[PDB]
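Structure below is run35.csv: CSV, C-alpha atoms.
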```csv
chain,number,residue,atom,x,y,z
A,1,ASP,CA,0.0,0.0,0.0
A,2,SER,CA,2.1,2.8,-1.4
A,3,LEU,CA,1.3,2.6,-5.1
A,4,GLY,CA,1.7,6.3,-5.6
A,5,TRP,CA,-1.9,7.5,-5.5
A,6,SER,CA,-3.1,11.0,-5.0
A,7,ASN,CA,-5.2,11.7,-1.8
A,8,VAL,CA,-6.7,15.0,-3.1
A,9,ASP,CA,-7.6,13.2,-6.3
A,10,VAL,CA,-9.4,10.4,-4.6
A,11,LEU,CA,-11.1,12.9,-2.2
A,12,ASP,CA,-12.4,14.8,-5.3
A,13,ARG,CA,-13.1,11.9,-7.5
A,14,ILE,CA,-15.2,10.8,-4.6
A,15,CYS,CA,-17.0,14.1,-4.7
A,16,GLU,CA,-17.9,13.6,-8.4
A,17,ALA,CA,-19.2,10.2,-7.4
A,18,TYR,CA,-21.5,11.5,-4.7
A,19,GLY,CA,-22.0,14.5,-7.0
A,20,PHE,CA,-20.6,17.4,-5.0
A,21,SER,CA,-18.9,20.7,-5.8
A,22,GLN,CA,-18.0,21.9,-2.3
A,23,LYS,CA,-15.6,20.4,0.3
A,24,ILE,CA,-18.1,21.2,3.1
A,25,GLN,CA,-20.2,18.5,1.5
A,26,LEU,CA,-17.9,16.0,3.2
A,27,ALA,CA,-16.8,17.2,6.7
A,28,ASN,CA,-20.2,17.2,8.3
A,29,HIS,CA,-21.2,14.1,6.3
A,30,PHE,CA,-18.7,11.9,8.1
A,31,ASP,CA,-19.1,14.1,11.2
A,32,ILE,CA,-15.5,15.5,11.4
A,33,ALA,CA,-14.2,18.9,12.2
A,34,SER,CA,-13.3,20.9,9.1
A,35,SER,CA,-9.8,21.0,10.5
A,36,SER,CA,-9.6,17.2,10.6
A,37,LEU,CA,-10.8,17.1,6.9
A,38,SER,CA,-8.1,19.6,5.7
A,39,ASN,CA,-5.6,17.2,7.2
A,40,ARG,CA,-7.0,14.4,4.9
A,41,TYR,CA,-6.3,16.8,2.0
A,42,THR,CA,-2.8,17.5,3.3
A,43,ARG,CA,-1.2,14.2,4.1
A,44,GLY,CA,-0.6,11.7,1.3
A,45,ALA,CA,-2.3,8.8,3.2
A,46,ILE,CA,-5.4,7.8,1.2
A,47,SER,CA,-8.8,8.2,2.9
A,48,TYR,CA,-9.7,4.5,2.2
A,49,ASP,CA,-12.4,4.9,4.8
A,50,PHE,CA,-14.2,7.5,2.7
A,51,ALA,CA,-13.6,5.7,-0.6
A,52,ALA,CA,-15.2,2.5,0.9
A,53,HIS,CA,-18.2,4.3,2.4
A,54,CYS,CA,-18.6,6.3,-0.8
A,55,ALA,CA,-18.5,3.1,-2.8
A,56,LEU,CA,-21.1,1.7,-0.3
A,57,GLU,CA,-23.3,4.8,0.1
A,58,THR,CA,-23.4,6.0,-3.5
A,59,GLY,CA,-22.8,2.8,-5.3
A,60,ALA,CA,-19.9,4.4,-7.2
A,61,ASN,CA,-17.1,2.0,-8.4
A,62,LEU,CA,-14.2,1.5,-6.0
A,63,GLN,CA,-11.7,0.8,-8.9
A,64,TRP,CA,-12.7,4.2,-10.3
A,65,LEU,CA,-12.7,6.0,-7.0
A,66,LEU,CA,-9.0,5.1,-6.5
A,67,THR,CA,-7.8,5.3,-10.1
A,68,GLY,CA,-9.8,4.8,-13.3
A,69,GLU,CA,-10.6,7.6,-15.8
A,70,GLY,CA,-14.4,7.7,-15.8
A,71,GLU,CA,-15.6,4.2,-14.9
A,72,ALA,CA,-17.9,5.2,-12.0
A,73,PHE,CA,-21.5,5.3,-13.0
A,74,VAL,CA,-23.6,8.3,-14.3
A,75,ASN,CA,-24.3,11.3,-12.1
A,76,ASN,CA,-24.0,14.1,-14.7
A,77,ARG,CA,-27.6,13.5,-15.5
A,78,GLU,CA,-30.1,10.6,-16.0
A,79,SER,CA,-27.9,7.5,-16.4
A,80,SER,CA,-30.9,5.4,-17.5
A,81,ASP,CA,-33.1,7.9,-15.7
A,82,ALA,CA,-31.8,6.5,-12.4
A,83,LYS,CA,-30.6,9.6,-10.6
A,84,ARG,CA,-29.4,9.4,-7.0
A,85,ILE,CA,-30.4,11.9,-4.3
A,86,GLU,CA,-28.9,12.2,-0.9
A,87,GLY,CA,-31.5,11.2,1.7
A,88,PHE,CA,-32.5,12.3,5.2
A,89,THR,CA,-35.3,11.9,7.8
A,90,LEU,CA,-36.7,14.9,9.6
A,91,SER,CA,-38.3,14.1,13.0
A,92,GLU,CA,-38.8,16.3,16.0
A,93,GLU,CA,-37.2,19.2,14.1
A,94,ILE,CA,-33.9,17.3,13.6
A,95,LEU,CA,-32.5,16.4,10.2
A,96,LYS,CA,-30.6,13.2,10.1
A,97,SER,CA,-28.6,11.7,7.3
A,98,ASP,CA,-30.0,8.5,5.8
A,99,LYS,CA,-29.9,6.3,2.7
A,100,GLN,CA,-29.5,7.7,-0.8
A,101,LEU,CA,-32.8,7.6,-2.7
A,102,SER,CA,-32.9,6.5,-6.4
A,103,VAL,CA,-35.5,8.5,-8.4
A,104,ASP,CA,-36.3,9.0,-12.0
A,105,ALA,CA,-35.4,12.3,-13.8
A,106,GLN,CA,-39.0,12.4,-15.0
A,107,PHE,CA,-40.0,13.5,-11.5
A,108,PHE,CA,-38.4,16.9,-12.2
A,109,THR,CA,-39.2,19.1,-15.1
A,110,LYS,CA,-36.1,21.1,-14.0
A,111,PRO,CA,-32.9,19.1,-13.4
A,112,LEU,CA,-32.3,18.6,-9.7
A,113,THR,CA,-28.5,19.0,-9.4
A,114,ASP,CA,-28.3,19.9,-5.7
A,115,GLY,CA,-31.1,17.9,-4.2
A,116,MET,CA,-32.2,16.3,-0.9
A,117,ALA,CA,-34.8,13.6,-0.4
A,118,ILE,CA,-36.3,14.1,3.1
A,119,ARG,CA,-38.5,11.5,4.8
A,120,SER,CA,-41.0,13.2,7.0
A,121,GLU,CA,-44.3,11.6,8.2
A,122,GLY,CA,-45.3,9.3,5.3
A,123,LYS,CA,-44.0,11.7,2.7
A,124,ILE,CA,-40.7,12.2,0.9
A,125,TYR,CA,-40.0,15.9,0.1
A,126,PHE,CA,-37.6,16.5,-2.8
A,127,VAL,CA,-35.8,19.7,-2.0
A,128,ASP,CA,-33.6,21.9,-4.4
A,129,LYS,CA,-30.9,23.5,-2.2
A,130,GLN,CA,-30.0,25.9,-5.0
A,131,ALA,CA,-33.5,27.3,-5.5
A,132,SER,CA,-33.8,31.1,-5.9
A,133,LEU,CA,-36.0,32.5,-3.0
A,134,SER,CA,-39.7,32.5,-4.1
A,135,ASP,CA,-43.1,31.7,-2.6
A,136,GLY,CA,-43.7,28.1,-2.0
A,137,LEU,CA,-42.9,25.2,0.4
A,138,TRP,CA,-39.4,25.3,1.8
A,139,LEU,CA,-37.1,23.4,4.1
A,140,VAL,CA,-35.9,26.0,6.7
A,141,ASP,CA,-33.8,26.3,9.9
A,142,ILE,CA,-35.3,28.6,12.6
A,143,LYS,CA,-33.0,28.8,15.6
A,144,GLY,CA,-31.6,25.3,14.8
A,145,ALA,CA,-35.1,23.7,14.5
A,146,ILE,CA,-35.5,22.3,11.0
A,147,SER,CA,-39.0,22.2,9.4
A,148,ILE,CA,-41.0,22.5,6.2
A,149,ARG,CA,-42.8,25.8,6.0
A,150,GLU,CA,-44.8,27.7,3.4
A,151,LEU,CA,-43.0,31.0,2.7
A,152,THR,CA,-44.5,34.1,1.0
A,153,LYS,CA,-42.1,36.9,0.0
A,154,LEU,CA,-43.2,40.3,1.3
A,155,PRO,CA,-42.1,43.7,0.3
A,156,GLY,CA,-39.0,45.1,2.1
A,157,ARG,CA,-37.1,41.8,2.1
A,158,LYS,CA,-39.6,40.2,4.4
A,159,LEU,CA,-41.2,36.8,4.6
A,160,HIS,CA,-44.5,35.4,5.9
A,161,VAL,CA,-43.8,31.9,7.4
A,162,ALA,CA,-46.7,29.4,7.8
A,163,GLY,CA,-47.1,25.8,8.9
A,164,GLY,CA,-46.4,23.9,12.2
A,165,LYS,CA,-47.3,26.7,14.5
A,166,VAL,CA,-49.2,30.0,14.2
A,167,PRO,CA,-47.9,32.0,11.2
A,168,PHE,CA,-45.4,34.9,11.7
A,169,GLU,CA,-43.5,37.5,9.6
A,170,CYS,CA,-39.8,38.2,9.7
A,171,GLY,CA,-37.0,39.5,7.6
A,172,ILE,CA,-35.0,37.3,5.2
A,173,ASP,CA,-32.1,37.8,7.6
A,174,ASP,CA,-34.1,36.1,10.4
A,175,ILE,CA,-34.4,32.5,9.2
A,176,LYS,CA,-32.2,30.3,7.1
A,177,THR,CA,-33.6,28.8,3.9
A,178,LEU,CA,-32.2,25.4,3.1
A,179,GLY,CA,-34.0,24.6,-0.2
A,180,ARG,CA,-37.3,24.7,-2.0
A,181,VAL,CA,-39.6,21.6,-2.1
A,182,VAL,CA,-39.9,20.9,-5.9
A,183,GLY,CA,-41.8,17.6,-5.5
A,184,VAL,CA,-43.5,15.5,-2.9
A,185,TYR,CA,-44.2,11.8,-2.8
A,186,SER,CA,-46.9,10.6,-0.4
A,187,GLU,CA,-47.8,7.1,0.5
A,188,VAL,CA,-51.5,6.2,0.5
A,189,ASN,CA,-51.7,3.6,3.3
B,1,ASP,CA,-32.0,-31.8,-20.2
B,2,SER,CA,-29.2,-30.9,-17.7
B,3,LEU,CA,-30.4,-33.3,-15.1
B,4,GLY,CA,-30.4,-32.5,-11.4
B,5,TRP,CA,-32.2,-29.2,-11.7
B,6,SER,CA,-35.4,-29.2,-9.8
B,7,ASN,CA,-38.3,-27.4,-11.5
B,8,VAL,CA,-40.0,-27.3,-8.1
B,9,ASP,CA,-37.0,-25.6,-6.4
B,10,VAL,CA,-36.7,-23.1,-9.3
B,11,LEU,CA,-40.4,-22.1,-9.0
B,12,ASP,CA,-40.1,-21.8,-5.2
B,13,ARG,CA,-36.9,-19.7,-5.4
B,14,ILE,CA,-38.7,-17.5,-8.0
B,15,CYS,CA,-41.5,-17.1,-5.4
B,16,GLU,CA,-38.8,-16.2,-2.8
B,17,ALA,CA,-37.3,-13.6,-5.2
B,18,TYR,CA,-40.7,-11.8,-5.6
B,19,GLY,CA,-41.4,-12.1,-1.9
B,20,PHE,CA,-44.5,-14.4,-2.5
B,21,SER,CA,-45.6,-16.6,0.4
B,22,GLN,CA,-48.1,-18.5,-1.7
B,23,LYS,CA,-48.0,-20.2,-5.1
B,24,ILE,CA,-51.2,-18.5,-6.2
B,25,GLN,CA,-49.4,-15.2,-6.1
B,26,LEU,CA,-46.9,-16.4,-8.8
B,27,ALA,CA,-49.7,-17.7,-11.0
B,28,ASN,CA,-51.3,-14.2,-10.7
B,29,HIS,CA,-48.1,-12.5,-11.3
B,30,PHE,CA,-47.8,-14.2,-14.7
B,31,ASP,CA,-51.5,-14.2,-15.5
B,32,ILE,CA,-52.0,-17.9,-15.5
B,33,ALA,CA,-54.6,-20.1,-13.8
B,34,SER,CA,-53.6,-21.7,-10.5
B,35,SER,CA,-54.0,-25.2,-12.1
B,36,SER,CA,-51.6,-24.1,-14.9
B,37,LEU,CA,-49.0,-23.2,-12.2
B,38,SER,CA,-49.6,-26.6,-10.6
B,39,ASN,CA,-48.8,-28.3,-13.9
B,40,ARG,CA,-45.6,-26.3,-14.1
B,41,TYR,CA,-44.6,-27.7,-10.7
B,42,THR,CA,-45.7,-31.3,-11.6
B,43,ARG,CA,-43.9,-31.3,-15.0
B,44,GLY,CA,-40.2,-32.1,-15.2
B,45,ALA,CA,-39.3,-29.2,-17.5
B,46,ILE,CA,-37.8,-26.0,-15.9
B,47,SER,CA,-39.8,-22.8,-16.2
B,48,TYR,CA,-37.0,-20.8,-17.9
B,49,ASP,CA,-39.6,-18.2,-19.0
B,50,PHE,CA,-40.5,-17.4,-15.4
B,51,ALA,CA,-36.9,-17.6,-14.2
B,52,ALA,CA,-35.8,-15.1,-16.9
B,53,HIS,CA,-38.6,-12.7,-16.2
B,54,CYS,CA,-38.0,-13.0,-12.4
B,55,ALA,CA,-34.3,-12.2,-13.1
B,56,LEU,CA,-35.3,-9.1,-15.1
B,57,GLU,CA,-38.0,-7.9,-12.8
B,58,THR,CA,-36.4,-8.4,-9.4
B,59,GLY,CA,-32.7,-8.4,-10.3
B,60,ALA,CA,-32.4,-11.8,-8.7
B,61,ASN,CA,-29.3,-13.8,-9.6
B,62,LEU,CA,-30.2,-16.2,-12.5
B,63,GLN,CA,-27.7,-18.9,-11.5
B,64,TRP,CA,-29.3,-18.9,-8.0
B,65,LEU,CA,-32.8,-19.1,-9.4
B,66,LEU,CA,-31.9,-22.1,-11.5
B,67,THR,CA,-29.5,-23.9,-9.1
B,68,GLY,CA,-30.0,-22.4,-5.7
B,69,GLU,CA,-26.2,-21.9,-5.6
B,70,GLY,CA,-25.0,-18.6,-4.0
B,71,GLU,CA,-27.7,-16.1,-2.9
B,72,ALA,CA,-30.7,-14.4,-4.4
B,73,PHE,CA,-29.5,-10.8,-4.1
B,74,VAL,CA,-26.2,-9.1,-3.1
B,75,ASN,CA,-27.1,-5.5,-2.2
B,76,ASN,CA,-29.2,-3.5,-4.7
B,77,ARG,CA,-32.9,-4.4,-5.4
B,78,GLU,CA,-32.2,-6.8,-2.5
B,79,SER,CA,-35.6,-8.4,-1.9
B,80,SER,CA,-36.8,-4.8,-3.0
B,81,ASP,CA,-40.4,-3.7,-4.0
B,82,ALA,CA,-40.0,-1.8,-7.3
B,83,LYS,CA,-37.0,-0.3,-9.1
B,84,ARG,CA,-38.4,-0.1,-12.7
B,85,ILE,CA,-42.2,0.3,-12.9
B,86,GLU,CA,-44.2,0.0,-16.1
B,87,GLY,CA,-45.4,3.6,-16.9
B,88,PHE,CA,-48.6,4.9,-18.4
B,89,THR,CA,-50.4,8.1,-19.1
B,90,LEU,CA,-54.1,8.4,-18.3
B,91,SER,CA,-55.9,11.1,-20.3
B,92,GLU,CA,-59.4,11.5,-21.6
B,93,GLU,CA,-60.3,8.2,-19.7
B,94,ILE,CA,-57.9,6.4,-22.0
B,95,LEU,CA,-54.8,4.6,-20.5
B,96,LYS,CA,-51.7,4.3,-22.8
B,97,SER,CA,-48.4,2.5,-22.2
B,98,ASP,CA,-45.5,5.0,-21.7
B,99,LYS,CA,-41.9,4.7,-20.8
B,100,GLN,CA,-41.1,3.0,-17.5
B,101,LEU,CA,-40.2,5.0,-14.4
B,102,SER,CA,-37.3,4.2,-12.1
B,103,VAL,CA,-38.1,4.5,-8.4
B,104,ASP,CA,-36.6,3.4,-5.1
B,105,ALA,CA,-38.1,0.4,-3.3
B,106,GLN,CA,-38.0,2.8,-0.4
B,107,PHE,CA,-41.1,4.4,-1.8
B,108,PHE,CA,-43.2,1.5,-0.6
B,109,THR,CA,-43.6,0.1,2.9
B,110,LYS,CA,-45.2,-3.0,1.4
B,111,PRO,CA,-43.6,-4.6,-1.6
B,112,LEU,CA,-44.8,-3.5,-5.0
B,113,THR,CA,-44.4,-6.5,-7.3
B,114,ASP,CA,-47.1,-5.8,-9.9
B,115,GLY,CA,-47.1,-2.0,-10.2
B,116,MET,CA,-48.0,0.7,-12.6
B,117,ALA,CA,-46.8,4.3,-12.6
B,118,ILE,CA,-49.5,6.4,-14.1
B,119,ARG,CA,-49.1,10.0,-15.1
B,120,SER,CA,-52.4,11.7,-14.8
B,121,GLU,CA,-53.3,15.4,-14.4
B,122,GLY,CA,-49.7,16.4,-13.6
B,123,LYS,CA,-49.3,13.7,-10.9
B,124,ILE,CA,-47.8,10.2,-10.9
B,125,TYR,CA,-50.0,7.5,-9.3
B,126,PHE,CA,-48.4,4.3,-8.2
B,127,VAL,CA,-50.8,1.5,-8.5
B,128,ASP,CA,-50.7,-2.1,-7.1
B,129,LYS,CA,-52.5,-4.3,-9.5
B,130,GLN,CA,-52.7,-7.2,-7.0
B,131,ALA,CA,-54.2,-5.2,-4.1
B,132,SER,CA,-57.1,-6.9,-2.2
B,133,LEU,CA,-60.3,-5.0,-2.6
B,134,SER,CA,-60.6,-2.5,0.3
B,135,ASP,CA,-61.6,1.2,0.8
B,136,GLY,CA,-59.1,3.5,-0.9
B,137,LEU,CA,-58.2,5.2,-4.1
B,138,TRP,CA,-58.4,2.9,-7.1
B,139,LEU,CA,-57.7,2.7,-10.8
B,140,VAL,CA,-61.0,1.4,-12.2
B,141,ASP,CA,-62.6,0.6,-15.6
B,142,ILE,CA,-66.3,1.6,-15.8
B,143,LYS,CA,-67.8,0.3,-19.0
B,144,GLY,CA,-64.5,0.8,-20.8
B,145,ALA,CA,-63.6,4.3,-19.4
B,146,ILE,CA,-60.6,4.4,-17.1
B,147,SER,CA,-60.4,6.7,-14.1
B,148,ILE,CA,-59.0,7.0,-10.6
B,149,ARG,CA,-61.8,6.9,-8.0
B,150,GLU,CA,-62.3,6.6,-4.3
B,151,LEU,CA,-64.0,3.3,-3.5
B,152,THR,CA,-65.9,2.4,-0.3
B,153,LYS,CA,-67.0,-1.2,0.3
B,154,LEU,CA,-70.7,-1.4,1.2
B,155,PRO,CA,-72.7,-4.3,2.7
B,156,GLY,CA,-74.0,-6.8,0.2
B,157,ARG,CA,-70.8,-6.9,-2.0
B,158,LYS,CA,-71.4,-3.3,-3.2
B,159,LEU,CA,-69.3,-0.3,-3.7
B,160,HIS,CA,-69.7,3.5,-3.3
B,161,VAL,CA,-67.7,5.1,-6.2
B,162,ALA,CA,-66.6,8.8,-5.7
B,163,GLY,CA,-64.3,11.1,-7.5
B,164,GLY,CA,-66.0,11.7,-10.8
B,165,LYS,CA,-68.5,14.6,-11.3
B,166,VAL,CA,-71.1,12.7,-9.1
B,167,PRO,CA,-70.8,9.5,-7.0
B,168,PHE,CA,-72.8,6.3,-7.6
B,169,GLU,CA,-73.2,2.8,-6.0
B,170,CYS,CA,-73.0,-0.5,-7.8
B,171,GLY,CA,-72.1,-4.2,-7.2
B,172,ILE,CA,-68.6,-5.5,-7.2
B,173,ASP,CA,-69.5,-7.1,-10.5
B,174,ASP,CA,-70.6,-3.9,-12.2
B,175,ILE,CA,-67.1,-2.2,-12.7
B,176,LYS,CA,-63.6,-3.6,-13.0
B,177,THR,CA,-61.0,-2.7,-10.3
B,178,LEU,CA,-57.5,-2.5,-12.0
B,179,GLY,CA,-55.4,-1.8,-8.9
B,180,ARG,CA,-55.1,0.3,-5.7
B,181,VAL,CA,-53.1,3.5,-5.5
B,182,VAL,CA,-50.5,3.1,-2.9
B,183,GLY,CA,-48.6,6.3,-3.5
B,184,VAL,CA,-48.8,9.5,-5.4
B,185,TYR,CA,-46.1,11.9,-6.5
B,186,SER,CA,-46.6,15.5,-7.6
B,187,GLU,CA,-44.2,18.2,-8.7
B,188,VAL,CA,-44.8,21.4,-6.8
B,189,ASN,CA,-43.9,23.9,-9.5
```
Could you render the structure as structure tokens?
Amino acid sequence: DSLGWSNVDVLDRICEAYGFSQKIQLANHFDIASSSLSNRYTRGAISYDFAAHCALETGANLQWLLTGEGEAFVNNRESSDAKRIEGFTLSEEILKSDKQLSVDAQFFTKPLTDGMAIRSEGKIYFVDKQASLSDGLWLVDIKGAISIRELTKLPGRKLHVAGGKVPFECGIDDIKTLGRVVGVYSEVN
Amino acid sequence: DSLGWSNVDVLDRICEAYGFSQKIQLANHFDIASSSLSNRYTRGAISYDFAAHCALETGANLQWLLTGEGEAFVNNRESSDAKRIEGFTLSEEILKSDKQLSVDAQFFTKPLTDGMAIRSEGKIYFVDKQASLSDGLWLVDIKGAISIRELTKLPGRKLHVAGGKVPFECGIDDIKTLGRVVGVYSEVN
């Protein structure tokens, strides 16, 4: 184990696999302090632990993750329509990481490049983290509590926030918007 | 032919792959009479047609289906529910085949072995063709016209049918139930 491989290359080629663009899309993922992660980028010791979990979590090819040239799978768009989306569960205002969810590109008229599939009470909300702010259902963070709320833009850089509890109004600097719900799947038990 | 191979064991492993607990479910799955399935078990010839379709539909390992060597599934589509579902469009009370839809088995709490993904009025309805008759939202055929209606079982083997312009009641022999909606997806543009 010293075949002359690049750590930063594997760490990035791992990002393409998952389908990331930012390095913050890793630190919290494996629950490590950003400082610990920069260390992984610094030292030449390959993060085999991430390569393995990436191979397991995203299904991406291990051979490719460590070397290759483009023998992973197909994340650029709809492989065969497949399309993987990072998954979560939202319960008691806490967002927890969970299994990736495979879903057809036909579910979205607009490509969902930076999405989240969130399980919350018999429904799976598909969220676009890159959505421009607009009226609609959104995944938000209010003082650390994560929830899905209907937002309505108001003049003066304000928002009306509804759902969960009695509605209220605040400024866009008062709550954090995580992404817009672009689709919802509901089980009919 | 290649002696040793047990047609009985192949058919039972095929049932195992689909998650069927009773032989009648397999007959239903392949649209044959129960007595025809019994003949398949009694005869010496292997059911390669069913094994092949089982492989294709569940992703089960062919070698295992035919010999029992190894294991049914490794990791993906493991046991499952639905990965690729036949797709259709329902418009003007006419149902037309369309391209299949790829969906995660995680969409269904209960396995979905004989499903349909129906695009109707901007939503995608996931239907279980094998569902037992029970109150709920159903894909039905009323004198040839196809629609999705809420059914309520009534005493005397009758049904209350709602969802169209006005509701009506009839016997279970007056309309054809095609399958029960177990999930619905809608884009929230």
Please identify every residue of chain A that has at least one atom no farther than 8 Å from an atom of chain B, counting all atoms listed in the file, and for each give the shortest atom pair and the distance in Å to one decimal, arranged by chain then increasing number, as a Markdown table.
```
| residue | atom | partner | partner_atom | distance |
| --- | --- | --- | --- | --- |
| A:81 | CA | B:102 | CA | 6.7 |
| A:82 | CA | B:102 | CA | 6.0 |
| A:101 | CA | B:104 | CA | 6.2 |
| A:102 | CA | B:104 | CA | 5.0 |
| A:103 | CA | B:103 | CA | 4.8 |
| A:104 | CA | B:102 | CA | 4.9 |
| A:106 | CA | B:101 | CA | 7.5 |
| A:107 | CA | B:187 | CA | 6.9 |
| A:108 | CA | B:187 | CA | 6.9 |
| A:181 | CA | B:188 | CA | 7.0 |
| A:182 | CA | B:188 | CA | 5.0 |
| A:183 | CA | B:187 | CA | 4.0 |
| A:184 | CA | B:186 | CA | 5.6 |
| A:185 | CA | B:185 | CA | 4.2 |
| A:186 | CA | B:184 | CA | 5.5 |
| A:187 | CA | B:183 | CA | 4.2 |
| A:188 | CA | B:182 | CA | 4.7 |
| A:189 | CA | B:182 | CA | 6.3 |
```
Take the selection from the previous step and output its residues with C-alpha atoms, as an mmCIF file, keeping the file's coordinate frame.
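Resulting contents of part-v7.cif:
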```cif
data_model
loop_
_atom_site.group_PDB
_atom_site.id
_atom_site.type_symbol
_atom_site.label_atom_id
_atom_site.label_comp_id
_atom_site.auth_asym_id
_atom_site.auth_seq_id
_atom_site.Cartn_x
_atom_site.Cartn_y
_atom_site.Cartn_z
ATOM 1 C CA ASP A 81 -33.100 7.900 -15.700
ATOM 2 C CA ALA A 82 -31.800 6.500 -12.400
ATOM 3 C CA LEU A 101 -32.800 7.600 -2.700
ATOM 4 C CA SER A 102 -32.900 6.500 -6.400
ATOM 5 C CA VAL A 103 -35.500 8.500 -8.400
ATOM 6 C CA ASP A 104 -36.300 9.000 -12.000
ATOM 7 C CA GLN A 106 -39.000 12.400 -15.000
ATOM 8 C CA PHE A 107 -40.000 13.500 -11.500
ATOM 9 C CA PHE A 108 -38.400 16.900 -12.200
ATOM 10 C CA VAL A 181 -39.600 21.600 -2.100
ATOM 11 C CA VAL A 182 -39.900 20.900 -5.900
ATOM 12 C CA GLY A 183 -41.800 17.600 -5.500
ATOM 13 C CA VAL A 184 -43.500 15.500 -2.900
ATOM 14 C CA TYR A 185 -44.200 11.800 -2.800
ATOM 15 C CA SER A 186 -46.900 10.600 -0.400
ATOM 16 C CA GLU A 187 -47.800 7.100 0.500
ATOM 17 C CA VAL A 188 -51.500 6.200 0.500
ATOM 18 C CA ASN A 189 -51.700 3.600 3.300
#
```
Quiz item: Using all atoms listed in the file, which residue out of A:176, A:99, A:160, A:119 lies closest to residue 59 (chain A)?
Solution: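 So, comparing all the options, the nearest one is A:99.
One finds CA of residue 154 (chain A) at 27.2 Å from CA of residue 118 (chain A).
The Cα RMSD between chain B and chain A, which share one sequence, comes to 4.6 Å after optimal superposition of the latter on the former.
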Exercise. Go through B:29, B:13, B:96, B:43 one by one, measure the shortest atom-to-atom distance of each to residue 64 (chain B) using all atoms listed in the file, and give the residue with the smallest value.
Key: B:13
Self-check item: Residue neighbourhood residue 168 (chain B), 12 Å, only C-alpha atoms, exclusion window fewer than 3 positions, as a list in words
Solution: residues 142, 149, 150, 151, 152, 154, 158, 159, 160, 161, 162, 163, 164, 165, 171, 174 and 175 of chain B
Practice problem: Determine the nearest neighbour of residue 178 (chain B) from the options B:17, B:166, B:148, B:140, counting all atoms listed in the file. | Solution: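 Going through B:17, B:166, B:148, B:140 one by one, the smallest distance to residue 178 (chain B) is for B:140.
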Exercise. Take the point (-13.9, 2.3, -0.9) as written in the file and pick out every residue within 10 Å of it, counting all atoms listed in the file; give the list as a VMD selection string.
Key: chain A and resid 10 14 47 to 57 59 to 66
Exercise. Point out the residue among A:23, A:153, A:77, A:143 with the least atom-to-atom distance to residue 112 (chain A), counting only C-alpha atoms.
Key: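 Answer, going by the shortest atom-to-atom distance: A:77.
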Quiz item: So how far away is CA of residue 39 (chain B) from CA of residue 1 (chain B), in Å?
Solution: 18.3 Å
